[PDB]
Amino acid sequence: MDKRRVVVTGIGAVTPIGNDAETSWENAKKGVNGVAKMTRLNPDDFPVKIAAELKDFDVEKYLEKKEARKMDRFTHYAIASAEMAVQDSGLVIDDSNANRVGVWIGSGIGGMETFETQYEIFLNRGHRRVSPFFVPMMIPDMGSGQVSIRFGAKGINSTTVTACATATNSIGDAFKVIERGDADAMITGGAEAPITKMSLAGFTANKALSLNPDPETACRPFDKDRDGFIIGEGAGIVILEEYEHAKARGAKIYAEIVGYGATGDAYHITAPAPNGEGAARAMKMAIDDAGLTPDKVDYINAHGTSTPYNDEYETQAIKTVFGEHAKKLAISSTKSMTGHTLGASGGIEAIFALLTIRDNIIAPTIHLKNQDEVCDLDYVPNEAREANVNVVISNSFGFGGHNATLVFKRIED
C-alpha cells in the first residue's frame, strides 16, 4: 500500500457570520460576532434567548421551492455548501470519473425540525397525513444522499455521526478513502440545523447551554467566566482530492491534509474525561499520522466550546501533547464568533484552519477579557494576529466521548 497524498481543492460553507466561506472568513478575521438575540424560535418561550443563526440565507439560490420543501434545513445547508465547494474546486464530475468521486457528509442530529413537524401532524391528523418523505428528510445521511444525487457522485456515499466531532471524523474518514486509493475526490464535511424547540429543550435539560442572555459576553471560550456553549447552525464542506489528480488538472490547492486522529474517552456519555486524557491521544495520533513532531504545529483551532470542563481539559491535553511547545504555538476558538455549530463545526473550522494557512492570519478568540488561572496558553484573544502559519490542527472533542483531530499542512510538492 503506497499511501496517496491528499489535498484540499475546494471549500464551501454557510455560517452565522457569512453565507459563503470567504465572507465567513473575512468576518472571522475581523472578530465579527455571529451570536445575537434568537429569531428562529421565540426567545420568550425558552430559558435560552440567544443563538448563532445564519443571516439572510436564501435556499432558493440553490433549490426550487418545491425541492426545498422535501428537505430539512440541515440538508439545505449541506446542499448549498457542497454546491459552493464543488464550484470552487472546479472539479468536473462526469461519466468518466463519477465512480471515483464520493461523498462523506455528517450531521449530528439530522432533521430535528422535520421530526417535530411530522410528529405533530401524526398526533393531530393521524398516520395517513404523515409525509411520504418523512423518513428520508429526517435521517442524518440525507445530506450525503442528496449531495450524491445532485453532483452525480457514484463513489462511496456515507455519513459519520459523532456529535460535535461529526464533520471532523467525516473529513478524516474521507481522507482515508483517498489515501488508500478508493476514490480520487470526496465531497466531505458536516451540516447541522439544531436550533429547534426540542433541541433547545434537550441541551437545556442537560445544563449544557449558557443561560447568559448577553450576546456580547455569553460565548467566551477560555474565559474565567465561561458558563456553557451557545448553539449555532450551518455547514462546512471541503473537496478532498488525490494529489496527482489535482495537479494534472491544475486545481487550486488550499493545503494538504496530512493527519487524522480519533479516540474515545470511555468515560461518560456527556461529560468529557478528566484532564483531556482522550483528547490528548487524539491530537498525538493525528500528528503521528502526519509524521510530524509536536513542535511543527503552528496553530490549533480549538474545540473551544466555552464550557468550564472543555476549555480547561482541552488546555491540559494541549500541554500534555506539546510540552514546552504548548506556550509557543497559538490557539483560537472561532466558536467565540460562530457559536457551537455541533456536527457542522469541524467543517467550518477546517475551512478556517485552511484559510489561516493561506492568509497567514489567525482569527481571534473574541470575548476573552478575564484570564483564567488554569487556561493560561495563548488564545489570540480579541484581535486577529498576523503569523506565519504552515501547520494547523483542528480539534473536536464531542459529547459521547468522540475525540477527533485533523492536521493540515502548507502544500510543498
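Each residue number is its position in the shown sequence, starting from 1.
Engineer: On mean C-alpha B-factor from the PDB entry, just flag whether 312-320 or 168-176 is the higher one.
Structural biologist: Comparing 312-320 with 168-176, the higher average CA B-factor belongs to 312-320.
Engineer: With respect to the recorded C-alpha B factors, which stretch has the higher mean value, 370-378 or 342-350?
Structural biologist: Stretch with the greater average CA B-factor: 370-378.
Engineer: From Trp104, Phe151, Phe122, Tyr77, pick the one with the largest CA B-factor in the entry?
Structural biologist: Out of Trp104, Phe151, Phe122, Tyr77, the record gives the largest C-alpha B-factor to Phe122.
Engineer: Using the temperature factors in the entry, find which of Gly126, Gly145, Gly261, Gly190 has the highest value at its Cα atom.
Structural biologist: In this record, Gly126 carries the highest C-alpha B-factor of the candidates.
Engineer: Sorting by Cα B-factor within the chain, modelled residues only, which third would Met112 end up in: lowest, middle or highest?
Structural biologist: Within its chain, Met112 is a highest-third residue by C-alpha B-factor, going by the deposited values.
Engineer: Could you tell me which third, lowest, middle or highest, the C-alpha B-factor of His325 occupies within its chain?
Structural biologist: Within its chain, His325 is a highest-third residue by C-alpha B-factor, going by the deposited values.
Engineer: Taking the chain's C-alpha temperature factors as the reference, tell me which third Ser131 falls into: lowest, middle or highest.
Structural biologist: For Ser131, the deposited C-alpha B-factor lands in the highest third.
Engineer: Report the third (lowest, middle or highest) to which the CA temperature factor of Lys296 belongs, ranking only the modelled residues of the same chain.
Structural biologist: Highest third of the chain for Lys296's C-alpha B-factor.
Engineer: Which third of the chain holds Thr307 when residues are ordered by C-alpha B factor: lowest, middle or highest?
Structural biologist: It belongs to the lowest third of the chain when residues are ordered by C-alpha B-factor.
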